Amino acid sequence: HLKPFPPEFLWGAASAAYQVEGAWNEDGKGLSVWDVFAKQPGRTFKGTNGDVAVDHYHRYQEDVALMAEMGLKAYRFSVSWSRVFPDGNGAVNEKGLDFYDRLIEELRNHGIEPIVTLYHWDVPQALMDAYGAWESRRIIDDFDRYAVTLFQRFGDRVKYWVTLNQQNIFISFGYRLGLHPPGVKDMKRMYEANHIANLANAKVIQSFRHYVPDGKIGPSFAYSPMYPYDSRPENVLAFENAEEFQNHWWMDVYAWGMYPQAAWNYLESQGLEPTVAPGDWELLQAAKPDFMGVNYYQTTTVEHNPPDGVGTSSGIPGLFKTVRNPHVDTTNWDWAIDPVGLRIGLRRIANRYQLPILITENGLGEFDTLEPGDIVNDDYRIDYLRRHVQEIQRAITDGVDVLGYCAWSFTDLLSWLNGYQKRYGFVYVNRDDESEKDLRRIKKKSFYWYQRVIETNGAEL
Amino acid sequence: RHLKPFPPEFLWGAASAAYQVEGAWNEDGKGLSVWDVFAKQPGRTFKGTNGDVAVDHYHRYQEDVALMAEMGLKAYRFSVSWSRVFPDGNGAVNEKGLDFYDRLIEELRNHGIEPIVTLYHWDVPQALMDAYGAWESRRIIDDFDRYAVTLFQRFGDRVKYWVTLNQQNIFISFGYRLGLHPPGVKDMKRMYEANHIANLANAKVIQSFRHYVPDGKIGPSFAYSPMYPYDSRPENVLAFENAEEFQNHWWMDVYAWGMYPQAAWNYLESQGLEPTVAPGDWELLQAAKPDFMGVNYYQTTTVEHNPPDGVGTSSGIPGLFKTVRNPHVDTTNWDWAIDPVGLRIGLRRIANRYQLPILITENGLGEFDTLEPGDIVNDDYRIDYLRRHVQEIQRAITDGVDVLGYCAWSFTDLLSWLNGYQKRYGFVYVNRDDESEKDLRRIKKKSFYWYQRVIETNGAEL
Ligand SMILES: O=P(O)(O)OC[C@H]1O[C@@H](O[C@H]2[C@H](O)[C@@H](O)[C@H](O)O[C@@H]2CO)[C@H](O)[C@@H](O)[C@@H]1O
Ligand SMILES: O=P(O)(O)OC[C@H]1O[C@@H](O)[C@H](O)[C@@H](O)[C@@H]1O
């Protein structure tokens with residue numbers, strides 16, 4: 001018999017500041033690296049950018065009212081560092097803090113738990129200009145000063161905090177694939193910036209223990225659990241390599257403060273291991289989180305990759321390469337649909353680290369059709385969410401401590417590079433890639449489905 | 001890719017177990033072990049074979065050590081028979097029993113061979129079973145500790161490497177779940193209680209070791225079959241998660257971290273099978289970190305989804321996993337997988353999960369060796385098996401696993417627990433069979449000279 005969801009389960013939904021807020025130059029806000037990057041011609045679909053997005057900065061009262069109508073138990077959002085410190089360091093911007101204060105008060109007045117995410121990829125451009133942002137150890141103290149400011153202003157009202165959201169994405173996309181700022185393709189630089197981000201995460205967790213002694217904090221990891229293609233020993237070995245290189249490389253640092261040794265030795269043999277300073281290991285080991293945040297969309301299957309092989313398939317020669325998994329469904333965008341993979345990832349985190357898990361992001365991006373009468377029938381989104389929630393219930397029954405589930409996303413939002421048409425929200429926003437239209441909010445069918453999930457604490461899916 | 005060499009102090013070894021080699025079952029004051037009694041029950045063992053004589057290593061140890069020195073062994077791993085040292089398990093120490101192990105250790109040291117002493121290989125004295133049920137009573141924790149401390153005091157000056165419980169998962173599961181080994185019980189609840197007591201005994205002895213052998217290295221040895229999923233079907237990967245945790249982490253997480261894994265614990269709790277925990281248990285288990293994980297390795301196991309009405313050929317646990325033949329590995333003549341890459345995988349998994357050095361305490365090939373005219377045994381099949389495993393160990397070292405040594409199973413042919421003598425494991429053939437001891441003469445197999453050359457070249461010629 002499946003166990004019920006625990007009574008205080010945080011049924012949530014989530015967003016990110018650049019993707020929803022707009023108001024990119026209002027109330028003293030400084031430029032973020034994304035304000036600049038997205039205005040490079042050709043970088044984003046149809047030149048879409050975060051100047052307005054879905055205008056949540058001005059429409060937050062309506063959006064929170066919709067959350068209360070749904071009965072959301074928690075809303076996870078990120079704070080835009082450039083609103084609080086327009087230059088990254090230096091003078092605090094009270095008008096920027098005041099927006100988040102008003103948002104938090106609106107949530108609390110409706111009984112919704114805020115989950116504050118410190119960082120979703122939008123370091124102030126001034127810090128990139130001054131010292132290269134995440135490539136400089138200077139960012140450790142600047143990020144800590146920013147985080148401490150938020151802990152001081154909001155710790156009395158916010159119990160749950162996420163530090164770096166998807167560090168593995170912003171680091172790898174920014175420094176290895178060149179898809180995100182700063183547009184670099186250099187593995188050596190990637191691992192250096194990654195190490196600095198690890199130190200920044202640990203430093204802010206240490207600060208949190210002083211300023212928010214009753215709070216709960218953790219990083220959030222974009223987790224694609226690895227599978228071996230089959231039981232061929234060389235494919236199982238490729239899986240060992242891939243899970244360690246892609247997943248333990250981050251989560252072991254978060255949980256244990258140590259990089260895994262086989263991956264470290266491989267990077268050292270390539271001259272790619274990060275520079276370690278005295279005190280680094282002590283800091284990383286002394287910053288235990290209360291939970292592991294998990295952003296989940298799909299698993300990855302791997303197979304053996306000879307030393308002259310792949311490096312379609314991607315991988316590392318001599319370690320592993322990816323291969324299409326014939327045993328999982330796909331979305332209309334070729335993302336795998338693997339709800340059991342979420343249960344597997346949750347089981348792996350509990351088994352390896354004994355940590356509670358907050359699922360910070362999971363959802364389905366698809367074209368939605370607006371029908372006359374302001375009707376959006378998104379049964380495909382209900383199907384996807386239902387199947388993932390069902391597997392979470394099985395993970396809970398197995399013994400995993402899952403603190404909550406934040407569906408991605410509450411309203412439709414701006415994609416980093418792909419505009420607006422692949423929508424994720426429970427709430428449709430009437431705008432597209434060419435026009436803001438009237439920006440009106442329209443509840444999708446999935447809104448009412450999730451409302452009923454919450455009312456029954458997951459008993460009716 | 002440049003392979004790393006075997007480290008300069010790598011323990012090229014071979015191994016045995018006391019009941020399987022010693023004989024002298026009632027000599028020099030030795031008391032009855034549970035195996036002395038069990039193997040004499042009609043029908044328990046093939047052709048009634050038992051350890052009364054075995055290969056008579058108790059009397060022939062000088063000849064056997066001389067062969068080890070001829071081979072150039074760096075280490076010899078053996079077990080101490082508790083019933084020789086404390087015939088009743090507790091009570092009076094038997095000095096003649098200690099004197100045998102003293103003579104053996106001196107013989108090894110005089111030939112430059114490192115002794116690796118194994119405290120327990122399944123032979124608890126029958127008197128402790130009679131009095132209180134042996135591993136089912138917490139009384140065994142202090143009795144085992146007193147025995148271990150006796151050995152630490154007598155031999156700690158000359159023995160650096162110690163193994164505590166050898167293959168706890170086997171003696172506990174075979175003794176209390178499958179009923180194949182003493183005490184012949186089939187009761188999962190009793191199995192998990194005895195297993196918990198064995199965990200506490202292991203931790204207690206490691207704590208004592210820190211007091212008595214401060215420069216030594218100690219660890220348990222686990223019979224490790226690394227699990228594989230059959231394929232990338234999500235339900236088969238989940239079956240693998242269940243199987244690796246339930247079959248492997250259940251033991252190794254206690255050894256390394258002092259904690260049982262939660263999903264397995266909750267499953268047992270739902271069946272009414274979780275062990276009874278006393279105040280102080282977690283503190284003891286957590287405060288007994290080993291210096292290494294010992295690994296007894298023969299093969300991997302591949303698993304697939306098993307519905308709640310499923311298998312309980314294939315074996316498994318309904319709702320968790322079931323085994324399935326792996327189509328991508330060869331098998332021995334007894335349907336055991338031959339999977340040397342699986343040894344590398346298991347070594348990588350232990351380093352990745354626990355960051356522990358590993359002593360491979362047992363690995364070998366059992367086969368029906370033919371004694372040819374001229375006292376020749378051509379066991380190229382054994383050479384091939386060992387060569388491939390040693391090659392994969394070198395790759396694991398190159399990956400970054402700290403492997404302390406490799407003990408081939410076995411040095412001489414020996415008595416199997418239930419299956420007699422015909423399926424042989426030694427580098428040294430022993431002339432006897434299931435019907436009689438013949439003359440017990442020792443005959444070097446071809447593999448003896450192969451391993452001699454491996455050791456001489458520190459693994460460069462395999
Ligand atoms: O509109 P898109 O391109 O589908 O983006 C949706 C969300 O993507 C999340 O990150 C993804 C990323 O898109 C993938 O490229 C990467 O491989 O996986 C990560 C896993 O999260 C972002 O978290 C979110 O801000 C986007 O809305
Ligand atoms: O002869 P069998 O049944 O294959 O057993 C071989 C070996 O099996 C191993 O599990 C034991 O550790 C050894 O003690 C034993 O010799």
# chains A, B, ... in the order shown; residues from 1 in each chain; ligands from 1
$ interface_residues --of "chain B" --to "chain A" --cutoff "10 Å" --atoms "only C-alpha atoms" --output "short mmCIF file (atom, residue, chain, number, x, y, z; two decimals) with N, CA, C and O atoms, in the first residue's frame"
data_model
loop_
_atom_site.label_atom_id
_atom_site.label_comp_id
_atom_site.auth_asym_id
_atom_site.auth_seq_id
_atom_site.Cartn_x
_atom_site.Cartn_y
_atom_site.Cartn_z
N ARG B 1 46.39 5.49 -22.89
CA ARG B 1 46.28 5.57 -21.43
C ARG B 1 47.38 4.78 -20.74
O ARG B 1 47.45 3.55 -20.85
N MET B 227 25.77 -5.62 -8.39
CA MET B 227 24.55 -5.77 -9.17
C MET B 227 24.60 -4.92 -10.43
O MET B 227 25.15 -3.81 -10.43
N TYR B 228 24.00 -5.44 -11.50
CA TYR B 228 23.79 -4.74 -12.76
C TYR B 228 22.29 -4.69 -13.06
O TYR B 228 21.60 -5.69 -12.84
N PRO B 229 21.78 -3.60 -13.63
CA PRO B 229 20.45 -3.68 -14.24
C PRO B 229 20.53 -4.42 -15.56
O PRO B 229 21.53 -4.35 -16.27
N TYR B 230 19.45 -5.12 -15.89
CA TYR B 230 19.44 -5.85 -17.16
C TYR B 230 19.57 -4.90 -18.34
O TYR B 230 20.28 -5.20 -19.31
N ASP B 231 18.88 -3.77 -18.28
CA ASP B 231 18.93 -2.80 -19.36
C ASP B 231 18.45 -1.45 -18.83
O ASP B 231 18.24 -1.28 -17.62
N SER B 232 18.24 -0.51 -19.74
CA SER B 232 17.86 0.85 -19.41
C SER B 232 16.35 1.05 -19.29
O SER B 232 15.90 2.20 -19.28
N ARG B 233 15.57 -0.02 -19.20
CA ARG B 233 14.18 0.13 -18.80
C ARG B 233 14.16 0.71 -17.39
O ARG B 233 14.82 0.16 -16.50
N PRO B 234 13.44 1.81 -17.15
CA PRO B 234 13.43 2.40 -15.80
C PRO B 234 13.13 1.39 -14.69
O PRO B 234 13.81 1.40 -13.66
N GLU B 235 12.18 0.48 -14.90
CA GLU B 235 11.86 -0.49 -13.86
C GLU B 235 13.02 -1.45 -13.60
O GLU B 235 13.15 -1.95 -12.48
N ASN B 236 13.86 -1.71 -14.59
CA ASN B 236 15.02 -2.56 -14.35
C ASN B 236 16.13 -1.81 -13.63
O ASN B 236 16.83 -2.40 -12.80
N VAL B 237 16.29 -0.52 -13.92
CA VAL B 237 17.25 0.28 -13.17
C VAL B 237 16.82 0.40 -11.72
O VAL B 237 17.64 0.30 -10.80
N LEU B 238 15.51 0.56 -11.48
CA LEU B 238 15.01 0.60 -10.12
C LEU B 238 15.26 -0.73 -9.41
O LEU B 238 15.63 -0.75 -8.23
N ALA B 239 15.07 -1.84 -10.11
CA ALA B 239 15.37 -3.15 -9.52
C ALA B 239 16.83 -3.22 -9.10
O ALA B 239 17.16 -3.74 -8.03
N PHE B 240 17.73 -2.67 -9.94
CA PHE B 240 19.14 -2.59 -9.59
C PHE B 240 19.36 -1.74 -8.34
O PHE B 240 20.15 -2.12 -7.46
N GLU B 241 18.69 -0.59 -8.24
CA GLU B 241 18.82 0.22 -7.03
C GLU B 241 18.43 -0.60 -5.80
O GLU B 241 19.14 -0.60 -4.78
N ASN B 242 17.31 -1.31 -5.88
CA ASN B 242 16.85 -2.12 -4.77
C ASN B 242 17.86 -3.22 -4.44
O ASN B 242 18.19 -3.45 -3.27
N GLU B 245 21.30 -2.04 -2.93
CA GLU B 245 21.13 -1.61 -1.55
C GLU B 245 20.85 -2.80 -0.64
O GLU B 245 21.44 -2.92 0.44
N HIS B 249 24.76 -2.80 0.06
CA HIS B 249 24.85 -1.71 1.02
C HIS B 249 24.39 -2.12 2.40
O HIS B 249 24.89 -1.59 3.40
N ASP B 253 27.43 -0.54 4.12
CA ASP B 253 27.16 0.74 4.77
C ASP B 253 27.32 0.64 6.28
O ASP B 253 27.72 1.61 6.93
N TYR B 260 22.43 1.35 8.64
CA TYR B 260 21.73 0.58 7.63
C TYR B 260 21.05 1.52 6.63
O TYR B 260 20.57 2.60 7.00
N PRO B 261 20.98 1.14 5.36
CA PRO B 261 20.28 1.98 4.37
C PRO B 261 18.78 1.99 4.61
O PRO B 261 18.18 0.99 5.01
N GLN B 262 18.16 3.15 4.35
CA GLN B 262 16.81 3.40 4.84
C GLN B 262 15.75 2.64 4.06
O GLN B 262 14.78 2.15 4.66
N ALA B 263 15.86 2.57 2.73
CA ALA B 263 14.82 1.87 1.98
C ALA B 263 14.77 0.40 2.36
O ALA B 263 13.69 -0.17 2.57
N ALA B 264 15.94 -0.23 2.49
CA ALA B 264 15.99 -1.62 2.92
C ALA B 264 15.45 -1.76 4.34
O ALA B 264 14.68 -2.68 4.62
N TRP B 265 15.83 -0.86 5.24
CA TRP B 265 15.31 -0.90 6.60
C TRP B 265 13.79 -0.81 6.60
O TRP B 265 13.11 -1.60 7.28
N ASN B 266 13.23 0.13 5.84
CA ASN B 266 11.78 0.31 5.84
C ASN B 266 11.07 -0.90 5.25
O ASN B 266 9.98 -1.26 5.71
N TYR B 267 11.66 -1.52 4.24
CA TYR B 267 11.09 -2.76 3.71
C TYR B 267 11.04 -3.84 4.79
O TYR B 267 10.01 -4.49 4.99
N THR B 300 29.45 -10.92 -10.81
CA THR B 300 28.37 -9.97 -10.71
C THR B 300 27.03 -10.69 -10.81
O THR B 300 26.95 -11.87 -11.14
N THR B 301 25.95 -9.94 -10.54
CA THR B 301 24.59 -10.43 -10.65
C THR B 301 23.78 -9.40 -11.42
O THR B 301 23.85 -8.21 -11.11
N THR B 302 23.02 -9.84 -12.41
CA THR B 302 22.17 -8.95 -13.17
C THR B 302 20.73 -9.15 -12.71
O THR B 302 20.32 -10.28 -12.44
N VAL B 303 19.99 -8.05 -12.59
CA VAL B 303 18.64 -8.09 -12.05
C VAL B 303 17.66 -7.36 -12.96
O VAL B 303 18.04 -6.50 -13.77
N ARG B 325 19.80 -14.07 -16.11
CA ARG B 325 21.06 -14.39 -16.75
C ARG B 325 21.56 -13.19 -17.54
O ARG B 325 20.80 -12.52 -18.24
N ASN B 326 22.86 -12.90 -17.41
CA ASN B 326 23.47 -11.80 -18.13
C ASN B 326 23.95 -12.33 -19.47
O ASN B 326 24.90 -13.13 -19.50
N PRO B 327 23.36 -11.91 -20.60
CA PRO B 327 23.78 -12.47 -21.90
C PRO B 327 25.14 -11.99 -22.37
O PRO B 327 25.62 -12.48 -23.40
N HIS B 328 25.77 -11.05 -21.66
CA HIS B 328 27.00 -10.42 -22.13
C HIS B 328 28.25 -10.86 -21.38
O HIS B 328 29.30 -10.25 -21.56
N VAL B 329 28.16 -11.89 -20.54
CA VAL B 329 29.33 -12.45 -19.88
C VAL B 329 29.34 -13.96 -20.09
O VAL B 329 28.28 -14.59 -20.25
N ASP B 339 33.35 -12.51 -14.94
CA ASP B 339 33.18 -11.08 -15.20
C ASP B 339 34.30 -10.30 -14.54
O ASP B 339 34.12 -9.66 -13.50
N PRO B 340 35.50 -10.31 -15.14
CA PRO B 340 36.60 -9.55 -14.55
C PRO B 340 36.36 -8.05 -14.53
O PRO B 340 36.78 -7.38 -13.58
N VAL B 341 35.68 -7.50 -15.55
CA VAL B 341 35.35 -6.08 -15.50
C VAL B 341 34.46 -5.78 -14.30
O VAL B 341 34.56 -4.70 -13.70
N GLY B 342 33.60 -6.73 -13.92
CA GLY B 342 32.79 -6.57 -12.73
C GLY B 342 33.59 -6.37 -11.46
O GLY B 342 33.14 -5.70 -10.54
N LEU B 343 34.79 -6.97 -11.39
CA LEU B 343 35.66 -6.70 -10.26
C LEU B 343 36.11 -5.24 -10.25
O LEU B 343 36.05 -4.56 -9.22
N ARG B 344 36.52 -4.71 -11.41
CA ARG B 344 36.85 -3.29 -11.50
C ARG B 344 35.66 -2.43 -11.09
O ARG B 344 35.82 -1.46 -10.34
N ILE B 345 34.46 -2.79 -11.54
CA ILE B 345 33.26 -2.03 -11.18
C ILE B 345 33.05 -2.04 -9.68
O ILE B 345 32.78 -1.01 -9.06
N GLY B 346 33.15 -3.22 -9.06
CA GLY B 346 32.96 -3.30 -7.62
C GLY B 346 33.99 -2.49 -6.85
O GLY B 346 33.66 -1.81 -5.87
N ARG B 348 35.60 0.15 -8.01
CA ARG B 348 35.24 1.55 -8.23
C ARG B 348 34.07 1.97 -7.35
O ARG B 348 34.06 3.08 -6.81
N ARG B 349 33.08 1.09 -7.18
CA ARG B 349 31.91 1.44 -6.38
C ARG B 349 32.28 1.64 -4.92
O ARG B 349 31.77 2.56 -4.27
N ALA B 351 35.30 2.50 -3.69
CA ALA B 351 36.04 3.76 -3.58
C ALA B 351 35.10 4.94 -3.69
O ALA B 351 35.18 5.90 -2.90
N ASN B 352 34.18 4.90 -4.66
CA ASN B 352 33.28 6.02 -4.92
C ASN B 352 32.33 6.26 -3.75
O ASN B 352 32.02 7.41 -3.42
N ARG B 353 31.87 5.19 -3.10
CA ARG B 353 30.88 5.35 -2.04
C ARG B 353 31.51 5.61 -0.68
O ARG B 353 31.02 6.45 0.08
N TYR B 354 32.62 4.91 -0.36
CA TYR B 354 33.17 4.91 0.98
C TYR B 354 34.57 5.50 1.07
O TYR B 354 35.04 5.73 2.19
N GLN B 355 35.24 5.72 -0.06
CA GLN B 355 36.61 6.23 -0.09
C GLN B 355 37.56 5.34 0.70
O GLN B 355 38.53 5.82 1.30
N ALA B 396 41.70 -0.63 -12.21
CA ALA B 396 41.07 0.05 -11.08
C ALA B 396 42.07 0.91 -10.32
O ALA B 396 41.75 2.03 -9.91
N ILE B 397 43.29 0.39 -10.12
CA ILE B 397 44.35 1.20 -9.50
C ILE B 397 44.62 2.44 -10.34
O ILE B 397 44.76 3.55 -9.81
N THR B 398 44.69 2.27 -11.66
CA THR B 398 44.93 3.40 -12.54
C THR B 398 43.81 4.43 -12.44
O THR B 398 44.06 5.64 -12.49
N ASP B 399 42.57 3.96 -12.27
CA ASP B 399 41.44 4.87 -12.08
C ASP B 399 41.55 5.65 -10.77
O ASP B 399 40.92 6.71 -10.65
N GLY B 400 42.29 5.15 -9.79
CA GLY B 400 42.44 5.81 -8.50
C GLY B 400 41.99 5.00 -7.31
O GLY B 400 42.01 5.53 -6.18
N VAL B 401 41.60 3.74 -7.47
CA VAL B 401 41.25 2.90 -6.33
C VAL B 401 42.52 2.47 -5.62
O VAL B 401 43.48 2.03 -6.25
#
$ residues_near_ligand --ligand "ligand 2" --cutoff "9 Å" --atoms "only C-alpha atoms and all ligand atoms" --output "PyMOL selection string"
chain B and resi 16-17+19-20+121+166-167+170+223+296-298+334+362-367+409-410+414-425
$ write_last_selection --atoms "N, CA, C and O atoms" --output "CSV table (one decimal), in the first residue's frame"
chain,number,residue,atom,x,y,z
B,16,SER,N,43.3,-19.2,2.5
B,16,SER,CA,42.6,-20.4,2.9
B,16,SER,C,41.6,-20.1,4.0
B,16,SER,O,41.5,-18.9,4.4
B,17,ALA,N,41.0,-21.1,4.5
B,17,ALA,CA,40.2,-21.0,5.7
B,17,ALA,C,40.4,-22.2,6.6
B,17,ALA,O,40.7,-23.3,6.1
B,19,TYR,N,38.8,-24.4,8.7
B,19,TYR,CA,38.0,-25.7,8.5
B,19,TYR,C,38.3,-26.4,7.2
B,19,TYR,O,38.4,-27.6,7.1
B,20,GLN,N,38.6,-25.6,6.2
B,20,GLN,CA,38.8,-26.1,4.8
B,20,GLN,C,40.2,-26.8,4.6
B,20,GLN,O,40.3,-27.6,3.7
B,121,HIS,N,36.1,-17.4,10.4
B,121,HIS,CA,35.6,-18.0,9.1
B,121,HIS,C,34.6,-19.1,9.5
B,121,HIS,O,34.8,-20.3,9.2
B,166,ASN,N,34.7,-12.7,8.0
B,166,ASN,CA,34.9,-13.0,6.6
B,166,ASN,C,33.5,-13.5,6.1
B,166,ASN,O,33.0,-14.6,6.5
B,167,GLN,N,33.0,-12.7,5.2
B,167,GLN,CA,31.7,-13.1,4.5
B,167,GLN,C,30.6,-13.3,5.5
B,167,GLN,O,29.9,-14.3,5.4
B,170,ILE,N,27.3,-14.3,4.0
B,170,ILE,CA,27.2,-15.7,3.6
B,170,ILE,C,26.9,-16.5,4.9
B,170,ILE,O,25.9,-17.2,4.9
B,223,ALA,N,31.5,-10.6,1.0
B,223,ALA,CA,31.3,-11.4,-0.2
B,223,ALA,C,30.4,-10.5,-1.2
B,223,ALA,O,29.2,-10.4,-1.1
B,296,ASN,N,35.6,-10.3,-1.1
B,296,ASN,CA,35.6,-11.6,-1.7
B,296,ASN,C,34.8,-11.5,-3.0
B,296,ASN,O,33.6,-11.3,-2.9
B,297,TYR,N,35.4,-11.8,-4.1
B,297,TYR,CA,34.7,-11.5,-5.4
B,297,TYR,C,34.8,-12.7,-6.3
B,297,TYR,O,35.9,-13.3,-6.5
B,298,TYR,N,33.7,-13.2,-6.8
B,298,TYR,CA,33.6,-14.2,-7.9
B,298,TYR,C,32.8,-13.7,-9.1
B,298,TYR,O,33.2,-14.1,-10.2
B,334,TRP,N,29.8,-24.2,-13.7
B,334,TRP,CA,28.7,-24.2,-12.7
B,334,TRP,C,27.8,-23.0,-12.8
B,334,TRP,O,27.1,-22.7,-11.8
B,362,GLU,N,39.8,-12.7,-1.6
B,362,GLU,CA,39.4,-14.0,-2.2
B,362,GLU,C,39.0,-13.7,-3.6
B,362,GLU,O,38.1,-12.9,-3.8
B,363,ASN,N,39.6,-14.4,-4.6
B,363,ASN,CA,39.1,-14.5,-5.9
B,363,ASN,C,39.8,-15.7,-6.6
B,363,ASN,O,41.0,-15.9,-6.3
B,364,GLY,N,39.1,-16.5,-7.3
B,364,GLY,CA,39.7,-17.7,-7.9
B,364,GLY,C,38.7,-18.5,-8.7
B,364,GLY,O,37.5,-18.1,-8.8
B,365,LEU,N,39.2,-19.5,-9.3
B,365,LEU,CA,38.4,-20.4,-10.2
B,365,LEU,C,38.4,-21.8,-9.7
B,365,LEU,O,39.5,-22.4,-9.5
B,366,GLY,N,37.2,-22.4,-9.5
B,366,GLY,CA,37.1,-23.8,-9.1
B,366,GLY,C,36.8,-24.6,-10.4
B,366,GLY,O,35.9,-24.3,-11.2
B,367,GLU,N,37.5,-25.7,-10.5
B,367,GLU,CA,37.4,-26.6,-11.7
B,367,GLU,C,37.9,-28.0,-11.3
B,367,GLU,O,38.7,-28.2,-10.4
B,409,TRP,N,42.3,-17.3,-4.3
B,409,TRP,CA,41.6,-18.4,-3.6
B,409,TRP,C,41.8,-19.6,-4.5
B,409,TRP,O,41.2,-19.7,-5.6
B,410,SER,N,42.6,-20.6,-4.1
B,410,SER,CA,43.2,-20.8,-2.8
B,410,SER,C,44.7,-21.2,-3.0
B,410,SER,O,45.1,-21.4,-4.1
B,414,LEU,N,41.5,-27.5,-1.2
B,414,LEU,CA,40.9,-27.6,0.1
B,414,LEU,C,39.5,-28.2,0.1
B,414,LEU,O,38.9,-28.5,-1.0
B,415,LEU,N,39.0,-28.5,1.3
B,415,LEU,CA,37.7,-29.1,1.4
B,415,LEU,C,36.6,-28.0,1.2
B,415,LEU,O,36.7,-26.9,1.9
B,416,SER,N,35.6,-28.2,0.3
B,416,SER,CA,34.5,-27.3,0.3
B,416,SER,C,33.5,-27.6,1.4
B,416,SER,O,33.5,-28.7,1.9
B,417,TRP,N,32.8,-26.6,1.8
B,417,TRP,CA,31.9,-26.7,2.9
B,417,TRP,C,30.9,-27.8,2.7
B,417,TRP,O,30.6,-28.6,3.6
B,418,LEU,N,30.2,-27.9,1.5
B,418,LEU,CA,29.2,-28.9,1.3
B,418,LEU,C,29.4,-29.8,0.1
B,418,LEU,O,28.7,-30.8,-0.1
B,419,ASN,N,30.5,-29.5,-0.7
B,419,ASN,CA,30.6,-30.2,-2.0
B,419,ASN,C,31.8,-31.0,-2.2
B,419,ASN,O,32.2,-31.4,-3.3
B,420,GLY,N,32.5,-31.4,-1.1
B,420,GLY,CA,33.6,-32.3,-1.2
B,420,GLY,C,34.9,-31.6,-1.8
B,420,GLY,O,35.1,-30.4,-1.6
B,421,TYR,N,35.7,-32.3,-2.5
B,421,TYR,CA,37.0,-31.9,-2.9
B,421,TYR,C,37.2,-31.7,-4.4
B,421,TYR,O,38.2,-31.2,-4.9
B,422,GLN,N,36.3,-32.3,-5.3
B,422,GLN,CA,36.6,-32.4,-6.7
B,422,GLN,C,36.7,-31.1,-7.5
B,422,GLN,O,37.4,-31.0,-8.4
B,423,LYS,N,35.9,-30.1,-7.1
B,423,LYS,CA,36.0,-28.8,-7.7
B,423,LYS,C,37.1,-28.1,-6.9
B,423,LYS,O,36.9,-27.5,-5.8
B,424,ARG,N,38.3,-28.0,-7.6
B,424,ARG,CA,39.5,-27.6,-6.9
B,424,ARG,C,39.8,-26.1,-7.2
B,424,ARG,O,39.5,-25.6,-8.3
B,425,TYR,N,40.4,-25.4,-6.2
B,425,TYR,CA,40.8,-24.0,-6.3
B,425,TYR,C,42.2,-23.7,-6.2
B,425,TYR,O,42.6,-22.5,-6.4
$ residues_around --residues "residue 182 (chain B)" --least-positions-apart "4" --cutoff "10 Å" --atoms "only C-alpha atoms" --output "list in words"
residues 34, 35, 37, 38, 39, 122, 123, 124, 129, 171, 172, 174, 175 and 176 of chain B
$ write_last_selection --atoms "C-alpha atoms" --output "CSV table (one decimal), in the first residue's frame"
chain,number,residue,atom,x,y,z
B,34,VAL,CA,29.6,-25.8,14.8
B,35,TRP,CA,31.0,-27.1,11.5
B,37,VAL,CA,29.0,-31.1,14.3
B,38,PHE,CA,27.0,-29.9,11.3
B,39,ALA,CA,29.1,-31.7,8.7
B,122,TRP,CA,32.2,-19.5,10.2
B,123,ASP,CA,33.5,-21.9,12.9
B,124,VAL,CA,32.1,-20.6,16.2
B,129,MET,CA,25.7,-22.5,20.2
B,171,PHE,CA,27.4,-17.3,7.1
B,172,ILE,CA,24.4,-15.3,8.3
B,174,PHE,CA,23.2,-19.5,4.7
B,175,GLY,CA,22.9,-20.2,8.4
B,176,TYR,CA,19.6,-18.5,9.2
$ atom_distance --atom1 "atom 24 (C, counted along the ligand's line) of ligand 1" --atom2 "CA of residue 243 (chain A)"
22.2 Å
$ residues_near_ligand --ligand "ligand 1" --cutoff "7 Å" --atoms "only C-alpha atoms and all ligand atoms" --output "ChimeraX atom specification"
/A:16,169,222,295-297,365,415-418,422
$ residues_around --residues "residue 67 (chain B)" --least-positions-apart "2" --cutoff "12 Å" --atoms "only C-alpha atoms" --output "MDAnalysis selection string"
chainID B and resid 14 60:65 69:73 76 107:108 111 113 411:412 427:429 442:445 448:449 452
$ residues_around --residues "region 207-212 of chain B" --least-positions-apart "5" --cutoff "8 Å" --atoms "only C-alpha atoms" --output "JSON, numbers by chain"
{"B": [145, 149, 152, 153, 156, 218, 287, 288]}
$ residues_around --residues "residue 448 (chain A)" --least-positions-apart "3" --cutoff "12 Å" --atoms "only C-alpha atoms" --output "list in words"
residues 66, 67, 69, 70, 71, 72, 375, 376, 377, 378, 379, 381, 382, 426, 427, 442, 443, 444, 445, 451, 452, 453, 454, 455 and 461 of chain A
$ select_by_dssp --residues "region 113-290 of chain B" --states "alpha helix (DSSP H)" --output "JSON, numbers by chain"
{"B": [126, 127, 128, 129, 130, 131, 132, 139, 140, 141, 142, 143, 144, 145, 146, 147, 148, 149, 150, 151, 152, 153, 154, 155, 168, 169, 170, 171, 172, 173, 174, 175, 176, 188, 189, 190, 191, 192, 193, 194, 195, 196, 197, 198, 199, 200, 201, 202, 203, 204, 205, 206, 207, 208, 209, 210, 211, 212, 234, 235, 236, 237, 238, 239, 240, 241, 242, 243, 250, 251, 252, 253, 254, 255, 256, 257, 262, 263, 264, 265, 266, 267, 268, 269, 270, 281, 282, 283, 284, 285, 286]}
